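J.: If it helps, the file is called run.cif and holds mmCIF, C-alpha atoms and all ligand atoms:
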data_final
loop_
_atom_site.label_atom_id
_atom_site.label_comp_id
_atom_site.auth_asym_id
_atom_site.auth_seq_id
_atom_site.Cartn_x
_atom_site.Cartn_y
_atom_site.Cartn_z
CA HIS A 982 0.00 0.00 0.00
CA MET A 983 1.05 3.60 -0.62
CA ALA A 984 1.54 4.45 3.06
CA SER A 985 4.08 1.63 3.53
CA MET A 986 6.07 2.00 0.29
CA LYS A 987 9.75 2.37 1.11
CA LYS A 988 12.54 4.29 -0.61
CA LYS A 989 15.76 2.72 -1.84
CA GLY A 990 18.81 4.18 -0.16
CA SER A 991 21.63 6.14 -1.72
CA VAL A 992 24.90 4.75 -2.98
CA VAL A 993 27.52 5.44 -0.31
CA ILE A 994 31.27 5.95 -0.63
CA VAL A 995 32.86 3.54 1.87
CA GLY A 996 36.51 3.78 0.83
CA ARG A 997 38.93 4.40 -1.99
CA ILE A 998 41.75 2.86 -3.99
CA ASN A 999 44.83 4.90 -3.15
CA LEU A 1000 46.96 5.48 -6.25
CA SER A 1001 48.86 8.47 -4.83
CA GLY A 1002 52.30 6.97 -4.21
CA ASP A 1003 54.28 4.02 -5.53
CA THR A 1004 52.04 1.40 -3.86
CA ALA A 1005 48.36 0.89 -4.63
CA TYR A 1006 46.19 -0.03 -1.66
CA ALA A 1007 42.55 0.02 -0.65
CA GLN A 1008 41.43 2.22 2.24
CA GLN A 1009 38.11 1.94 4.03
CA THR A 1010 36.64 5.25 5.15
CA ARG A 1011 33.29 4.03 6.54
CA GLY A 1012 32.11 0.85 8.25
CA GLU A 1013 29.00 -1.19 7.52
CA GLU A 1014 26.75 0.44 10.12
CA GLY A 1015 27.69 3.99 9.16
CA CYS A 1016 27.18 3.00 5.54
CA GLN A 1017 23.64 1.78 6.19
CA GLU A 1018 22.69 4.96 8.06
CA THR A 1019 24.30 7.16 5.39
CA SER A 1020 22.41 5.23 2.70
CA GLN A 1021 19.12 5.98 4.47
CA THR A 1022 19.73 9.71 5.00
CA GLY A 1023 21.86 10.36 1.93
CA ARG A 1024 23.95 12.74 4.07
CA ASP A 1025 27.66 11.89 3.87
CA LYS A 1026 29.95 14.38 5.61
CA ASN A 1027 33.12 12.25 5.20
CA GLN A 1028 35.98 13.92 3.31
CA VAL A 1029 36.38 12.41 -0.20
CA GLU A 1030 39.79 11.97 -1.92
CA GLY A 1031 41.25 10.34 -5.00
CA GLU A 1032 40.04 9.01 -8.33
CA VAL A 1033 38.63 5.54 -7.56
CA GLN A 1034 35.99 5.22 -4.85
CA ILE A 1035 34.69 2.06 -3.25
CA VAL A 1036 30.91 2.36 -3.10
CA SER A 1037 28.13 0.34 -1.52
CA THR A 1038 24.38 0.01 -1.38
CA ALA A 1039 22.46 -2.00 1.21
CA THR A 1040 23.07 -5.17 -0.82
CA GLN A 1041 26.04 -4.64 -3.17
CA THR A 1042 29.54 -3.19 -3.21
CA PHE A 1043 31.55 -2.12 -6.26
CA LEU A 1044 33.68 0.78 -7.54
CA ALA A 1045 33.16 4.26 -8.97
CA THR A 1046 35.68 6.27 -11.00
CA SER A 1047 35.96 10.04 -11.50
CA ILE A 1048 36.68 11.08 -15.09
CA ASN A 1049 36.31 14.69 -16.30
CA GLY A 1050 34.40 15.77 -13.20
CA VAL A 1051 31.87 12.91 -13.29
CA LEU A 1052 31.85 9.97 -10.87
CA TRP A 1053 31.04 7.00 -13.13
CA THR A 1054 29.87 3.50 -12.24
CA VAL A 1055 27.76 0.62 -13.59
CA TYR A 1056 23.98 0.59 -13.77
CA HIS A 1057 23.88 -3.03 -12.58
CA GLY A 1058 25.41 -1.82 -9.31
CA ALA A 1059 23.79 1.56 -8.77
CA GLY A 1060 20.53 1.34 -10.69
CA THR A 1061 18.89 4.78 -10.67
CA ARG A 1062 20.02 5.49 -7.10
CA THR A 1063 21.16 8.81 -5.76
CA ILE A 1064 24.60 9.08 -4.15
CA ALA A 1065 25.10 10.35 -0.61
CA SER A 1066 26.75 13.77 -0.27
CA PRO A 1067 27.40 16.39 2.43
CA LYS A 1068 24.19 18.22 1.44
CA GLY A 1069 21.99 15.14 0.96
CA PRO A 1070 21.25 12.73 -1.88
CA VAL A 1071 22.51 13.74 -5.33
CA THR A 1072 20.51 12.64 -8.38
CA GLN A 1073 22.26 10.97 -11.28
CA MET A 1074 23.50 13.24 -14.05
CA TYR A 1075 23.84 10.38 -16.56
CA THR A 1076 21.93 7.10 -16.80
CA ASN A 1077 22.34 4.64 -19.69
CA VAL A 1078 21.09 1.10 -19.12
CA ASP A 1079 22.09 0.18 -22.68
CA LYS A 1080 25.76 0.84 -21.80
CA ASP A 1081 25.40 -0.34 -18.17
CA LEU A 1082 26.51 3.17 -17.20
CA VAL A 1083 25.53 5.84 -14.70
CA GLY A 1084 27.23 8.98 -13.45
CA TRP A 1085 26.95 11.67 -10.79
CA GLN A 1086 28.72 14.99 -10.42
CA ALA A 1087 32.13 14.22 -8.95
CA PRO A 1088 32.21 14.80 -5.17
CA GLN A 1089 34.12 17.78 -3.83
CA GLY A 1090 37.65 16.73 -2.98
CA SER A 1091 37.78 13.90 -5.51
CA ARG A 1092 40.36 13.98 -8.29
CA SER A 1093 39.42 13.20 -11.89
CA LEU A 1094 41.26 11.03 -14.37
CA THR A 1095 41.89 12.46 -17.84
CA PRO A 1096 40.40 10.63 -20.85
CA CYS A 1097 43.07 8.76 -22.77
CA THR A 1098 44.06 10.08 -26.19
CA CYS A 1099 47.09 7.77 -26.64
CA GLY A 1100 45.41 5.04 -28.69
CA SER A 1101 47.47 2.49 -26.75
CA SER A 1102 46.37 -1.13 -26.31
CA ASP A 1103 48.50 -1.91 -23.23
CA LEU A 1104 46.03 -1.32 -20.40
CA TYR A 1105 45.86 -1.75 -16.63
CA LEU A 1106 42.75 -2.70 -14.64
CA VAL A 1107 42.50 -1.47 -11.04
CA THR A 1108 40.45 -3.72 -8.76
CA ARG A 1109 38.73 -3.10 -5.44
CA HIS A 1110 41.64 -4.91 -3.77
CA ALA A 1111 44.09 -2.44 -5.37
CA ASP A 1112 45.51 -5.05 -7.73
CA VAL A 1113 46.82 -3.52 -10.97
CA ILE A 1114 46.12 -6.15 -13.63
CA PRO A 1115 47.74 -5.88 -17.09
CA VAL A 1116 45.13 -6.14 -19.85
CA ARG A 1117 45.73 -6.16 -23.61
CA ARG A 1118 43.03 -4.26 -25.47
CA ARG A 1119 41.27 -6.56 -27.95
CA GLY A 1120 38.45 -4.34 -29.20
CA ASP A 1121 36.51 -1.18 -28.55
CA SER A 1122 35.11 -2.69 -25.34
CA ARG A 1123 37.15 -5.87 -24.66
CA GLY A 1124 40.56 -6.69 -23.24
CA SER A 1125 42.35 -9.93 -22.36
CA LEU A 1126 44.02 -10.56 -19.02
CA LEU A 1127 47.71 -11.30 -19.41
CA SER A 1128 47.35 -13.63 -16.40
CA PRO A 1129 43.85 -15.14 -16.14
CA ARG A 1130 42.42 -15.73 -12.68
CA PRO A 1131 39.15 -16.86 -11.08
CA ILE A 1132 36.24 -14.46 -11.46
CA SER A 1133 36.16 -14.26 -7.65
CA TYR A 1134 39.13 -11.89 -7.85
CA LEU A 1135 37.24 -9.48 -10.14
CA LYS A 1136 33.87 -9.61 -8.35
CA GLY A 1137 33.13 -6.22 -6.82
CA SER A 1138 35.38 -4.26 -9.19
CA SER A 1139 32.79 -3.14 -11.75
CA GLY A 1140 32.99 0.62 -12.04
CA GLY A 1141 36.77 0.53 -11.70
CA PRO A 1142 39.11 1.98 -14.31
CA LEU A 1143 41.12 0.60 -17.13
CA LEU A 1144 44.14 2.91 -17.52
CA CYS A 1145 46.71 3.44 -20.26
CA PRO A 1146 50.46 3.40 -19.54
CA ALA A 1147 50.30 7.15 -18.87
CA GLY A 1148 47.53 6.80 -16.28
CA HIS A 1149 44.71 8.12 -18.47
CA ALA A 1150 41.23 6.62 -18.24
CA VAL A 1151 40.54 4.25 -21.13
CA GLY A 1152 37.30 2.66 -19.87
CA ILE A 1153 35.07 1.54 -17.00
CA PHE A 1154 35.10 -2.16 -16.02
CA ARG A 1155 31.68 -3.69 -16.81
CA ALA A 1156 31.79 -7.48 -17.05
CA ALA A 1157 34.09 -10.49 -16.95
CA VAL A 1158 34.39 -13.08 -19.72
CA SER A 1159 34.71 -16.41 -17.92
CA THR A 1160 35.41 -19.98 -19.00
CA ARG A 1161 34.69 -22.52 -16.26
CA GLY A 1162 34.95 -19.74 -13.68
CA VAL A 1163 38.29 -18.45 -15.01
CA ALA A 1164 38.36 -14.86 -16.24
CA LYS A 1165 40.33 -14.65 -19.48
CA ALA A 1166 38.96 -11.31 -20.73
CA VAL A 1167 37.00 -8.28 -19.53
CA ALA A 1168 34.37 -6.02 -21.07
CA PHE A 1169 34.42 -2.30 -20.33
CA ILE A 1170 32.69 0.95 -21.26
CA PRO A 1171 35.18 2.87 -23.45
CA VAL A 1172 35.93 6.41 -22.34
CA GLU A 1173 34.81 7.64 -25.77
CA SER A 1174 31.35 6.32 -24.95
CA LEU A 1175 31.55 8.36 -21.74
CA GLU A 1176 32.73 11.44 -23.65
CA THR A 1177 29.83 11.06 -26.10
CA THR A 1178 27.33 10.66 -23.27
CA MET A 1179 28.76 13.90 -21.84
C1 LIG B 1201 20.09 -4.40 -14.43
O1 LIG B 1201 20.36 -3.55 -15.52
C2 LIG B 1201 21.48 -3.92 -16.28
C3 LIG B 1201 21.84 -3.14 -17.55
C4 LIG B 1201 23.06 -3.54 -18.39
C5 LIG B 1201 23.92 -4.74 -17.94
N1 LIG B 1201 25.10 -5.13 -18.74
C6 LIG B 1201 25.91 -6.26 -18.31
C7 LIG B 1201 27.14 -6.67 -19.14
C8 LIG B 1201 25.54 -7.04 -17.03
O2 LIG B 1201 26.35 -8.14 -16.62
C9 LIG B 1201 26.07 -8.59 -15.37
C10 LIG B 1201 26.83 -7.84 -14.25
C11 LIG B 1201 28.03 -8.02 -14.62
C12 LIG B 1201 29.18 -8.19 -13.57
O3 LIG B 1201 29.16 -9.07 -12.76
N2 LIG B 1201 30.31 -7.25 -13.62
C13 LIG B 1201 31.44 -7.49 -12.72
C14 LIG B 1201 31.28 -7.10 -11.23
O4 LIG B 1201 32.20 -7.03 -10.48
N3 LIG B 1201 29.95 -6.80 -10.74
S1 LIG B 1201 29.85 -6.40 -9.08
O5 LIG B 1201 30.67 -5.24 -8.71
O6 LIG B 1201 30.36 -7.52 -8.28
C15 LIG B 1201 28.06 -6.16 -8.78
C16 LIG B 1201 27.06 -7.25 -9.20
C17 LIG B 1201 27.61 -4.70 -8.93
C18 LIG B 1201 27.72 -5.33 -7.54
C19 LIG B 1201 32.93 -7.26 -13.06
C20 LIG B 1201 32.40 -8.66 -12.87
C21 LIG B 1201 33.37 -9.49 -11.98
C22 LIG B 1201 33.25 -10.85 -11.93
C23 LIG B 1201 32.18 -11.60 -12.77
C24 LIG B 1201 31.27 -12.49 -11.88
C25 LIG B 1201 30.42 -13.44 -12.79
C26 LIG B 1201 29.44 -12.60 -13.68
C27 LIG B 1201 29.89 -12.74 -15.18
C28 LIG B 1201 29.12 -11.77 -16.09
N4 LIG B 1201 29.70 -11.88 -17.41
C29 LIG B 1201 28.99 -11.38 -18.59
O7 LIG B 1201 27.87 -11.00 -18.51
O8 LIG B 1201 29.74 -11.39 -19.79
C30 LIG B 1201 29.06 -11.15 -21.03
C31 LIG B 1201 28.06 -12.25 -21.32
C32 LIG B 1201 28.49 -9.91 -21.08
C33 LIG B 1201 29.66 -8.92 -21.64
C34 LIG B 1201 30.86 -9.91 -22.10
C35 LIG B 1201 30.27 -11.14 -22.22
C36 LIG B 1201 29.27 -10.34 -15.59
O9 LIG B 1201 30.35 -9.85 -15.47
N5 LIG B 1201 28.04 -9.56 -15.24
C37 LIG B 1201 26.78 -9.96 -15.29
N6 LIG B 1201 24.38 -6.66 -16.23
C38 LIG B 1201 23.57 -5.51 -16.68
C39 LIG B 1201 22.34 -5.11 -15.83
ZN ZN B 1202 46.64 7.48 -22.60
#
Could I get this file's structure written as structure tokens?
Ligand SMILES: COc1ccc2nc(C)c(O[C@@H]3C[C@H]4C(=O)N[C@]5(C(=O)NS(=O)(=O)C6(C)CC6)C[C@H]5/C=C\CCCCC[C@H](NC(=O)OC5(C)CCCC5)C(=O)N4C3)nc2c1
Ligand SMILES: [Zn+2]

T.:
Amino acid sequence: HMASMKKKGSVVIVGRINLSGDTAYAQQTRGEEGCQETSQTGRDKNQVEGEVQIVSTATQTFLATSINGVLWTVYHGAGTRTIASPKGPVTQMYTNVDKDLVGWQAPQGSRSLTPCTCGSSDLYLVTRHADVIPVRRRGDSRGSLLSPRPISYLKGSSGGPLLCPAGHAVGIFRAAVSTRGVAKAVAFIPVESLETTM
């Protein structure tokens, strides 16, 4: 009934992948209980830093990546949800189910990656565990892992970046291509598709 209908909570930043120095590592900035309360209110006063955020809903956790002032992630993680911010929930600025893509204005204090113009095919995938995985580009939206590994290691990394050798954003991790549970390739949203959406 209408009186009882509930609202889905906001996506909440719960940590980040630190790429500042010479060592990549995940940092948690909010625990599960604070995440649930922040999802309900949409009010997140935590300071935000860096390019790759770890984000959560009540039921899922994944990544979000700032490129050109937009925090991008996958529709299969975020749906149409708002994101929590210091001033309350922020409505999506971009939503494209056909590309599995959504975006919000980048939070204050985040840093944005620059879209790649190098045309290079030697890529690097950044996971939620701060692994930097070499990936050879195989198409507009596909790349092969130089060292395959179980899909378990990639689960929760959708929304993370594929980067070129120079650290530019080449795409947003979308899906894993698996054979008997082993990931041999990945699918991603190319940054040009982001730049067109923009
Ligand atoms: C609901 O509206 C929409 C709209 C568009 C859409 N487009 C999609 C492409 C789409 O795929 C679905 C989600 C996505 C996914 O799991 N991604 C992540 C991830 O980490 N997720 S996550 O962070 O854990 C989570 C779950 C957000 C919290 C990186 C992969 C890590 C490990 C893989 C585990 C096994 C799943 C293998 C699937 N392989 C696959 O489909 O390969 C095809 C067949 C398609 C392309 C190459 C060949 C797969 O990867 N899948 C299925 N769902 C949608 C849903
Ligand atoms: Zn580049």

J.: Using all atoms listed in the file, determine which residues lie at most 8 Å from residue 1062 of chain A, disregarding the query and same-chain residues fewer than 5 positions distant; provide the list as a VMD selection string.

T.: chain A and resid 989 to 992 1072 to 1073

J.: Which residues are near ligand LIG 1201 (chain B) - at most 7 Å, using all atoms listed in the file? Format: as a CSV table (one decimal) with C-alpha atoms, keeping the file's coordinate frame.

T.:
chain,number,residue,atom,x,y,z
A,1041,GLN,CA,26.0,-4.6,-3.2
A,1042,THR,CA,29.5,-3.2,-3.2
A,1043,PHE,CA,31.6,-2.1,-6.3
A,1044,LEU,CA,33.7,0.8,-7.5
A,1056,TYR,CA,24.0,0.6,-13.8
A,1057,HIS,CA,23.9,-3.0,-12.6
A,1058,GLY,CA,25.4,-1.8,-9.3
A,1060,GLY,CA,20.5,1.3,-10.7
A,1078,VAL,CA,21.1,1.1,-19.1
A,1079,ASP,CA,22.1,0.2,-22.7
A,1080,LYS,CA,25.8,0.8,-21.8
A,1081,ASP,CA,25.4,-0.3,-18.2
A,1132,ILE,CA,36.2,-14.5,-11.5
A,1133,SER,CA,36.2,-14.3,-7.6
A,1135,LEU,CA,37.2,-9.5,-10.1
A,1136,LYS,CA,33.9,-9.6,-8.4
A,1137,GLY,CA,33.1,-6.2,-6.8
A,1138,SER,CA,35.4,-4.3,-9.2
A,1139,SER,CA,32.8,-3.1,-11.8
A,1154,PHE,CA,35.1,-2.2,-16.0
A,1155,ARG,CA,31.7,-3.7,-16.8
A,1156,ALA,CA,31.8,-7.5,-17.0
A,1157,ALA,CA,34.1,-10.5,-17.0
A,1158,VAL,CA,34.4,-13.1,-19.7
A,1159,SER,CA,34.7,-16.4,-17.9
A,1167,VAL,CA,37.0,-8.3,-19.5
A,1168,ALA,CA,34.4,-6.0,-21.1

J.: I'd like the interatomic distance between atom CA of residue 1022 of chain A and atom CA of residue 1008 of chain A, to a tenth of an Å.

T.: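 Separating atom CA of residue 1022 of chain A from atom CA of residue 1008 of chain A is a distance of 23.1 Å.
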
J.: So how many Å separate atom CA of residue 1029 of chain A and atom CA of residue 997 of chain A, to one decimal?

T.: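 These two atoms are separated by 8.6 Å.
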
J.: Please, what distance in Å, to one decimal, runs between atom CA of residue 1027 of chain A and atom CA of residue 1175 of chain A?

T.: 27.3 Å
